[PDB]
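Protein chains in written order, with the entry's author numbering: chain A, 90 to 214; chain B, 90 to 214.
The C-beta atom is built at its ideal place from N, Cα and C for all residues, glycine as well.
There are 2 protein chains.
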Amino acid sequence: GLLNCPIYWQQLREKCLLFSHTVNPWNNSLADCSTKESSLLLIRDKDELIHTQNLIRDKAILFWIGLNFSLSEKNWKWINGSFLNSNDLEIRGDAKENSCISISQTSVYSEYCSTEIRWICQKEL
Amino acid sequence: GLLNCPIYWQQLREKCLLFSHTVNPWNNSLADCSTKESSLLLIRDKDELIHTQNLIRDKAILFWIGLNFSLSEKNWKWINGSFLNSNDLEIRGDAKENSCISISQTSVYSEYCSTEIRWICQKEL
Ligand SMILES: *[C@@H]1O[C@H](CO)[C@@H](O[C@@H]2O[C@H](CO)[C@@H](O[C@@H]3O[C@H](CO[C@H]4O[C@H](CO[C@H]5O[C@H](CO)[C@@H](O)[C@H](O)[C@@H]5O)[C@@H](O)[C@H](O[C@H]5O[C@H](CO)[C@@H](O)[C@H](O)[C@@H]5O)[C@@H]4O)[C@@H](O)[C@H](O[C@H]4O[C@H](CO)[C@@H](O)[C@H](O)[C@@H]4O)[C@@H]3O)[C@H](O)[C@H]2NC(C)=O)[C@H](O)[C@H]1NC(C)=O
Ligand SMILES: *[C@@H]1O[C@H](CO)[C@@H](O[C@@H]2O[C@H](CO)[C@@H](O[C@@H]3O[C@H](CO[C@H]4O[C@H](CO)[C@@H](O)[C@H](O)[C@@H]4O)[C@@H](O)[C@H](O[C@H]4O[C@H](CO)[C@@H](O)[C@H](O)[C@@H]4O)[C@@H]3O)[C@H](O)[C@H]2NC(C)=O)[C@H](O)[C@H]1NC(C)=O
Ligand SMILES: *[C@@H]1O[C@H](CO)[C@@H](O)[C@H](O)[C@H]1NC(C)=O
Ligand SMILES: *[C@@H]1O[C@H](CO)[C@@H](O)[C@H](O)[C@H]1NC(C)=O
Numbered sequence: 090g091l092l093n094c095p096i097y098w099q100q101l102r103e104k105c106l107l108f109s110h111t112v113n114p115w116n117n118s119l120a121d122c123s124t125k126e127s128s129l130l131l132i133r134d135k136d137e138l139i140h141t142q143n144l145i146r147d148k149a150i151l152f153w154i155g156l157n158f159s160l161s162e163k164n165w166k167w168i169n170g171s172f173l174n175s176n177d178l179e180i181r182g183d184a185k186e187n188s189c190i191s192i193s194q195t196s197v198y199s200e201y202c203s204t205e206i207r208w209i210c211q212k213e214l
Numbered sequence: 090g091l092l093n094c095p096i097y098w099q100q101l102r103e104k105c106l107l108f109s110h111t112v113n114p115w116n117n118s119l120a121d122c123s124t125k126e127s128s129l130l131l132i133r134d135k136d137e138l139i140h141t142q143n144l145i146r147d148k149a150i151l152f153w154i155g156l157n158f159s160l161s162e163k164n165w166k167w168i169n170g171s172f173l174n175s176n177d178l179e180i181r182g183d184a185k186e187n188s189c190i191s192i193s194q195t196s197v198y199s200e201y202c203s204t205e206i207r208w209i210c211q212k213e214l
């Protein structure tokens with residue numbers, strides 16, 4: 090309609106973002122984004138990370154993004170099928186089985202996938 | 090925007106559907122639909138099931154849908170958070186840990202989630 094994104098979603102450059110108000114493990118967070126016809130957040134580079142983090146007020150809160158550890162392939166894999174291609178995100182913590190990536194306003198963390206935290210969905214413009 | 094659905098997608102009543110041409114285990118199929126800003130297929134009732142199956146040519150091919158076995162409740166659960174609420178799907182096979190639901194032209198089957206088969210994504214009009 091008037092603006093680019095659905096009501097309640099925040100535009101950032103060429104995406105619309107939804108920050109959740111409730112918590113979930115990573116697999117449920119993926120299911121929620123898919124239910125909302127959307128992707129878990131994908132982050133291209135440090136520039137995108139910083140601008141996304143700049144939307145967040147509370148520095149302590151963690152949010153799932155669409156990146157987790159593929160044990161068979163021994164590397165971080167985006168839900169879009171691509172492996173993580175740099176160290177731009179500077180993930181803090183262990184690259185191991187049943188780990189998933191979260192972000193805060195300040196940092197990027199490996200967290201166990203069962204951890205219940207908020208999540209960010211995106212829709213591309 | 091001549092027609093309702095994106096190119097390659099098939100309209101069916103008030104949805105756009107995408108039948109995959111490659112295979113994946115169920116979790117990766119969910120990740121694909123989410124990447125495509127879409128849900129794994131949800132099926133309301135027998136009528137939707139039959140109308141969707143009517144789109145399938147090959148009688149031998151299975152497609153994941155957005156329904157799997159949630160161990161805590163021992164119940165089939167849709168990815169939108171709701172539990173299965175009829176027997177309209179007449180699910181064949183066992184309701185047990187690590188099972189997910191697939192459809193063929195003729196039937197609805199419980200399959201192990203790791204099984205590599207096609208999948209169906211949807212967008213609501
Ligand atoms: C799933 O989602 C994920 C997340 O969104 C997505 O992953 C991102 O995918 C994109 C696209 O593939 C990645 O971006 C690409 O990055 C390539 C690598 O870029 C880095 O390295 C470049 C080369 O550096 C070396 O060589 C040069 C000499 O040539 C030298 O100077 C260097 O010192 C070094 O030795 C480098 O140029 C590049 O630097 C530029 O960009 C950075 C951004 O951080 C910035 O400092 C400046 O802008 C600088 O100029 C960077 O360090 C890159 O080659 C590639 O670029 C080509 O493609 C794009 C478009 O795709 C064109 O714009 C460009 O002209 C080139 O043709 C592209 O930018 C990105 O890194 C991923 N991010 C992560 C975190 O994984 C997946 O793709 C998604 N998958 C699907 C299927 O959708
Ligand atoms: C997640 O996605 C799924 C799939 O699309 C949705 O699941 C459907 O949800 C709808 C709406 O809640 C369900 O519809 C309900 O089905 C009940 C069971 O009906 C069958 O079984 C009885 C057996 O006696 C038959 O009589 C009946 O004909 C069906 O074969 C109904 O009882 C419900 O009835 C409604 O109307 C009646 C009369 O008007 C009243 O009792 C109530 O007012 C009631 O509203 C209702 O029709 C449907 O069964 C679900 N399908 C499946 C396969 O699970 C989820 O809704 C969706 N979730 C979210 C959050 O979006
Ligand atoms: C799905 O599960 C397999 C094995 O458990 C794993 O290798 C794959 O990366 C998972 N996919 C996603 C998107 O989490
Ligand atoms: C996520 O995993 C949990 C624990 O295994 C399970 O209860 C839940 O139903 C899963 N979600 C989906 C969408 O499969």
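- Rounded to the nearest whole angstrom, the CA to CA distance from A:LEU92 to A:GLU213 is 14 Å.
- Among the residues of chain A, none has a CB under 7 Å from the CB of B:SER159; the nearest is roughly 10 Å distant.
- Here the distance from the Cβ of B:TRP153 to the nearest heavy atom of ligand 2 is not below 7 Å.
- Of the candidates A:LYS166, A:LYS185, A:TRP115, A:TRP115 places its Cα closest to the Cα of A:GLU205.
- Annotation for A:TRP98: no beta strand (DSSP E) segment contains it, and DSSP assigns it neither H nor E.
- Cβ proximity to chain B below 7 Å picks out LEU119, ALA120, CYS122 from the region 99-122 of chain A.
- Within the region 132-153 of chain A, no residue places its CB atom closer than 9 Å to a CB of chain B.
- Secondary structure in the region 116-165 of chain B: the alpha helix (DSSP H) runs of 4 residues or longer, each lying completely within the stretch, are 135-142 in chain order.
- Proximity annotation: ligand 2 has residues B:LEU131, B:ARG133, B:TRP167, B:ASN169, B:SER171, B:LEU173, B:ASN174, B:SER175 in chain order, each selected because its CB is closer than 5 Å to a heavy atom of the ligand.
- For A:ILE168, the C-beta contacts it makes with chain B under 7 Å involve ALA120, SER123, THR124, in order along the chain.
- Here DSSP, grouped into helix, strand and coil, assigns B:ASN113 to strand.
- Interface criterion not met: the Cβ of B:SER191 is under 8 Å from no Cβ in chain A.
- For A:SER128, at least one C-beta of chain B is nearer than 8 Å to its own C-beta.
- For A:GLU200 against A:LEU151, the beta-carbon gap comes to about 7 Å, under 8 Å, which counts as contact.
- Not a single C-beta of chain A is nearer than 8 Å to the C-beta of B:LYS163.
- Excluding sequence positions up to five before and after A:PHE158, its CB lies within less than 8 Å of the CB of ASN164, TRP165, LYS166, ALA184, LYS185, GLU186, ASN187, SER188, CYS189, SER199, all in the same chain and listed in chain order.
- At a cut-off of 8 Å between C-beta atoms, B:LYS212 counts as an interface residue with respect to chain A.
- A distance below 8 Å separates the beta carbons of A:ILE132 and A:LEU138.
- The beta carbons of B:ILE168 and B:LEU106 sit about 15 Å from each other, so the pair does not count as a contact at 8 Å.
- Not one heavy atom of ligand 1 is found less than 7 Å from the C-beta of A:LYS185.
- B:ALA149 sits away from A:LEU119, with the two beta carbons spaced by 8 Å or more.
- Take B:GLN100, set aside five residues on each side of it, and the residues of its chain with a beta-carbon closer than 6 Å to its own are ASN93, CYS94, in chain order.
- At a Cβ-Cβ threshold of 8 Å, A:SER171 and A:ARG181 do not count as neighbours.
- For B:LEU107, the uninterrupted beta strand (DSSP E) segment begins and ends at 104-108.
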